[PDB]
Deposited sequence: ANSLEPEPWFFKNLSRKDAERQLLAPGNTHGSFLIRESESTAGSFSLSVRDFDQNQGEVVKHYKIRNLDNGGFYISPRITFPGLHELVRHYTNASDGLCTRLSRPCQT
């Protein structure tokens, strides 16, 4: 998945998203370096800032950022927030470019 980044800290994710070639809505998902199975979504917004969202785990293996809408997988979460912001700072646009 072009949006999933391996072995990144929060500050690494921030630097990657603030790099030239990214813009409003540029995003990635990473795993916590400290907590196995805990994922987060990082999104570039506009000074120019990166917002982080905790992806919460359902016992059945699904995911949510807001309890209003849950997803059976990260692909479905990304597709949903690519369609509309639905409570995030902005609509997801392009996966983080390296």
Lining up the deposited sequence with the coordinates, I want the ranges that have no C-alpha atoms. 1 to 6, 53 to 56
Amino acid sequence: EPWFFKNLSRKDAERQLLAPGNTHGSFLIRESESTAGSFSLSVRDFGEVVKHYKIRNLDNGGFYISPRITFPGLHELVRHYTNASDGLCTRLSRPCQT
From here on, numbers count along this sequence of modelled residues.
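In this text, the rigid core denotes the largest set of C-alpha atoms whose superposition between the two forms falls within 1.5 Å.
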Between 47 to 55 and 29 to 37, the one drifting more in C-alpha RMS in 5 other deposited structures of this protein once the core is aligned is 29 to 37
Higher Cα RMS in 5 other deposited structures of this protein relative to the shown form (core alignment), 5 to 13 or 18 to 26, goes to 5 to 13
Of 58 to 66 vs 30 to 38, the stretch with the larger average CA B-factor in the entry is 30 to 38
Of 76 to 84 vs 10 to 18, the stretch with the larger average CA B-factor in the entry is 10 to 18
Considering every modelled residue of the chain and its Cα B-factor in the PDB entry, is residue 49 in the lowest, middle or highest third? highest
